[PDB]
Amino acid sequence: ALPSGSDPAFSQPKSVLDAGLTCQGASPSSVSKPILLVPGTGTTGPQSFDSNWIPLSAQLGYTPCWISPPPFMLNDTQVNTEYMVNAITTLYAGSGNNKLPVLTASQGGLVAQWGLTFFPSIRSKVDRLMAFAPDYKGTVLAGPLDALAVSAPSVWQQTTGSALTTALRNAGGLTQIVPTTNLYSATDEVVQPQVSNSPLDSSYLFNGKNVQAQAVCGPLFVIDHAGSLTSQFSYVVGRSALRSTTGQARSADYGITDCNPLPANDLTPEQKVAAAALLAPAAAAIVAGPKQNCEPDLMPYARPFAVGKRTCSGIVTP
Numbered sequence: 000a001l002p003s004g005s006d007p008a009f010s011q012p013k014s015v016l017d018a019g020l021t022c023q024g025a026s027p028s029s030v031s032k033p034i035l036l037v038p039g040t041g042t043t044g045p046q047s048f049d050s051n052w053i054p055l056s057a058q059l060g061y062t063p064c065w066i067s068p069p070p071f072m073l074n075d076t077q078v079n080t081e082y083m084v085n086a087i088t089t090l091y092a093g094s095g096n097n098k099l100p101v102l103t104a105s106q107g108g109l110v111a112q113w114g115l116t117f118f119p120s121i122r123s124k125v126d127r128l129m130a131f132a133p134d135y136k137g138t139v140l141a142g143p144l145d146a147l148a149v150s151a152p153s154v155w156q157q158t159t160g161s162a163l164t165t166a167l168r169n170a171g172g173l174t175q176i177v178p179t180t181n182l183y184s185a186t187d188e189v190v191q192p193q194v195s196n197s198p199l200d201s202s203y204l205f206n207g208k209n210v211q212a213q214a215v216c217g218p219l220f221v222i223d224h225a226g227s228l229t230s231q232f233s234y235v236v237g238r239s240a241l242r243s244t245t246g247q248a249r250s251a252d253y254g255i256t257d258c259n260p261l262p263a264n265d266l267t268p269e270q271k272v273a274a275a276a277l278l279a280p281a282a283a284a285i286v287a288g289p290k291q292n293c294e295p296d297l298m299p300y301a302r303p304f305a306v307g308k309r310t311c312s313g314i315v316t317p
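Residue numbering for the sequence shown follows the deposited numbering, starting at 0 and increasing by one per position.
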């Protein structure tokens, strides 16, 4: 049984959360068919999606909207989730009180699932989740202690074994909460482990539509972390998920002829070039960003689910 009852309090002023939400060509308070895009570590919304799902979702008939939690998704993943929860509240009312899809890149999927686990109000407002390379179990490649012995808050949190990923799993968050499709790759160079095509993989959610590219395209098919978001294969799976009456991608809607690892066909030449360079700003943001030597404390609503772990203030207690 998941957390129920009232939503946790926000730590951020609402005005700050509002400033992080933008829609292309519309206000989030008056928008037709919004899709909420949640970016990856080290990026803003436009950096994650300008070269891919902002144009691609527009051509499918959605108004692209996004959050850009500062600085570049490097702060506390629990604060990044406040931006998403506030955005869902706003876009739900702003689209006529209609459920909306959420589409994510890397950490953005962890944020979405964290929000669905701990903020019950949004469960009735999210139609489906389409997550590209989500790291629900974190990654064994996060490397918070590689090179400098300090790393961004959200990098600690995305490290395998972290208090945050422990709390998500222990609270029941590795089972899908809304209809979810997870698209990922065994050759992801950022998120591992992803090789088993099974619940061991970081992108896997129980009862989700878990699509490891190599299970469809073969063991030597190669797409990396950025290509998991931008590829033509990824587009076909995401399109199926967004159109599906079940809320999940359908195996019938894609196949071996879609196994194209290059940027999605419908992107402009400029977008395809930008898609190849997707993570370049992320490295600069990380170098310039906040860094610390400990994992951020869990907020009170999550503390009971990671008792015994160690965060900045000490040992987690209930």
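All residues carry an ideal CB built from backbone N, CA and C; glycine is no exception.
Cβ of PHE48 within 8 Å of Cβ of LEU59? Going by beta carbons, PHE48 and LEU59 fall outside the 8 Å limit.
Contact under 8 Å by Cβ, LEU199 with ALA132: It is not a contact, given that the beta carbons lie outside the stated cut-off.
Contained alpha helix (DSSP H) runs [length at least 4] in the stretch 49 to 79, N- to C-terminal order: Those alpha helix (DSSP H) runs which fall completely within the stretch 49 to 79 and span 4+ residues are 52 to 58.
When you compare each of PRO152, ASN169, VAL139 and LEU278 to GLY288 by their alpha carbons, which one comes out closest? Out of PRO152, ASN169, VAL139 and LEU278, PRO152 has the C-alpha closest to the C-alpha of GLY288.
Grouping DSSP H, G and I as helix and E and B as strand, with all else coil, what is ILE34? It is a strand residue.
Could you tell me if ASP134 is buried or exposed, where buried requires 16 or more neighbouring beta carbons within 10 angstroms of its beta carbon? Buried: at least 16 other Cβ atoms inside 10 Å.
So what does DSSP say about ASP257, is it helix, strand or coil? Helix at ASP257.
Rounded separation between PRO303 and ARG168 - CA only: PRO303 and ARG168: Cα-Cα distance of roughly 12 Å.
Are there 16 or more other CB atoms within 10 angstroms of the CB of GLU269, so buried, or fewer, so exposed? Exposed.
Pull up the distance between the alpha-carbon of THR316 and that of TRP65, whole angstroms please. Going by C-alpha positions, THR316 is about 35 Å away from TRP65.
With burial defined as no fewer than 16 other Cβ atoms inside 10 Å of the residue's Cβ, what is the status of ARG309: buried or exposed? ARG309 sits exposed, since fewer than 16 C-beta atoms from the chains shown fall within 10 Å of its C-beta.
According to DSSP, simplified to helix, strand and coil, what is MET129? DSSP places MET129 in strand when its eight states are reduced to three.
Where the beta strand (DSSP E) through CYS22 begins and ends: That run of the beta strand (DSSP E) goes 20 to 22.
Among the candidates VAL235, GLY137 and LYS208, whose CA atom is the shortest distance from the CA of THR245? Among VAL235, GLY137 and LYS208, the Cα nearest to that of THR245 belongs to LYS208.
At least three beta-carbon pairs within less than 8 Å, the stretch 181 to 199 to the stretch 209 to 216: Yes: the two stretches touch, three or more of their Cβ pairs being nearer than 8 Å.
By the DSSP assignment, the beta strand (DSSP E) with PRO178 in it spans what residues? According to the DSSP assignment, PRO178 belongs to no beta strand (DSSP E), since it is labelled neither H nor E.
Report buried or exposed for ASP145, applying the criterion of at least 16 other Cβ atoms within 10 angstroms of its Cβ. Classification for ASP145: exposed.
Judging by CA-CA distance, which residue of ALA141, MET83 and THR138 is the nearest neighbour of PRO27? Checking every option, the nearest Cα to that of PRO27 belongs to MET83.
Classify residue 320 as helix, strand or coil using the three-state DSSP reduction. The question about residue 320 has no answer here: the residues shown for the chain are numbered 0 through 317.
Can you tell me the Cα-Cα spacing of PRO2 and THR89, whole angstroms? Taking C-alpha positions only, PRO2 is separated from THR89 by approximately 22 Å.
Given a threshold of 16 other Cβ atoms within 10 Å of its Cβ, counted over all protein chains shown, does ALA8 qualify as buried or as exposed? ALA8 is exposed by the Cβ-count criterion.
What is the residue span of the alpha helix (DSSP H) that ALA287 lies within? From DSSP, the alpha helix (DSSP H) with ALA287 extends over 279 to 287.
Quick check: the Cα distance between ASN292 and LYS32, rounded to an integer number of angstroms? Rounded to the nearest angstrom, the two C-alpha atoms are 42 Å apart.
What residue from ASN79, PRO262 and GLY313 has the CA that sits closest to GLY41's CA? For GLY41, the nearest C-alpha among the options comes from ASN79.
CA-to-CA distance, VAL286 to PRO70, given in whole angstroms: For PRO70 and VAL286, the distance between alpha carbons rounds to 12 Å.
Hey, quick one: how far does the beta strand (DSSP E) through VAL210 stretch, first residue to last? Taken as a continuous stretch (DSSP letters only), the beta strand (DSSP E) holding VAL210 covers 208 to 211.
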